[PDB]
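Taking the form deposited in one PDB entry, here's one chain by itself in structure tokens.
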């Protein structure tokens, strides 16, 4: 009953620490990844803008 219920609890919250500690790593890591995804995208767009610039120039140099 109640003695075992309490024991279950101090066992549960003991484990809760490492759960949080892990999640904190995993969330930081994922945030990291997503950030690096955005960054990578921004570099591509810049590459597209450049390729886009160059083809307007060719079109004007040709027709």
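Rigid core: the largest C-alpha set superposing within 1.5 Å between the two forms. Numbering follows the first chain given and starts at 1.
Visitor: Comparing 7 to 15 with 48 to 56, where is the mean C-alpha B-factor higher?
Guide: Mean C-alpha B-factor is greater for 7 to 15.
Visitor: Using only modelled residues of the chain, where does the Cα B factor of residue 41 rank: lowest third, middle third or highest third?
Guide: Highest third.
Just so you know, the form deposited in another entry exists too; it's not on screen, but the next bit is about it.
Visitor: Any CA movement of 2 Å or more for residue 55 between the shown form and the other one, core superposed?
Guide: Yes, the C-alpha moves 2 Å or more.
Visitor: Any chance the CA of residue 41 moves 2 angstroms or more between the shown form and the other one, core superposed?
Guide: No; residue 41 is a residue whose C-alpha shifts by less than 2 Å between the shown form and the other one when the cores are overlaid.
Visitor: If you line up the core, does residue 9 shift 2 angstroms or more at its C-alpha between the shown form and the other one?
Guide: After core superposition, the displacement of the residue 9 C-alpha between the shown form and the other one reaches the 2 Å mark, so yes.
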